[PDB]
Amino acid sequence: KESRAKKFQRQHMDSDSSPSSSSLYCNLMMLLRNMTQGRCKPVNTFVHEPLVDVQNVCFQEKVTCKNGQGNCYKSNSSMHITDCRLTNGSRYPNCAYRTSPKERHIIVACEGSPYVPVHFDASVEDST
């Protein structure tokens, strides 16, 4: 059983690994984080920063969520992330992923007390 904040950490936090993800990173991480259980999660972003730095985004720039609902926030700084995208050829339970490391501002939806990330909304290159 899992809280929204915990699900966010499981799906999106990778604090203790290198930023420049190897080509196998997504294959391994999507498996290890249970995102290939039941189905291949089609796309997923991991954030290679300290948990506190990501949580602090909840107190940074308030921006509109992609679906116009909830409370989203954009990081002041560009963060190390990795996008994982399910390969066209993959079919569950064979879940293969292309790994794309980049540095981007993250946009997360925050909620609760404490007020913490519960949804990875988007990433964008530009500051402001």
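Numbering starts at 1 and runs along the sequence shown.
In the deposited entry, the Cα temperature factor of residue 27 sits in the bottom third of values across the chain's modelled residues. Placement of the Cα temperature factor of residue 98 within the chain: middle third of the modelled residues, per the deposited record.
Sort the modelled residues of the chain by CA B factor and residue 56 lands in the middle third. Per the deposited record, the Cα B-factor of residue 40 falls in the highest third when ranked against the other modelled residues of its chain.
Per-chain ranking of the deposited C-alpha B factor places residue 78 in the middle third.
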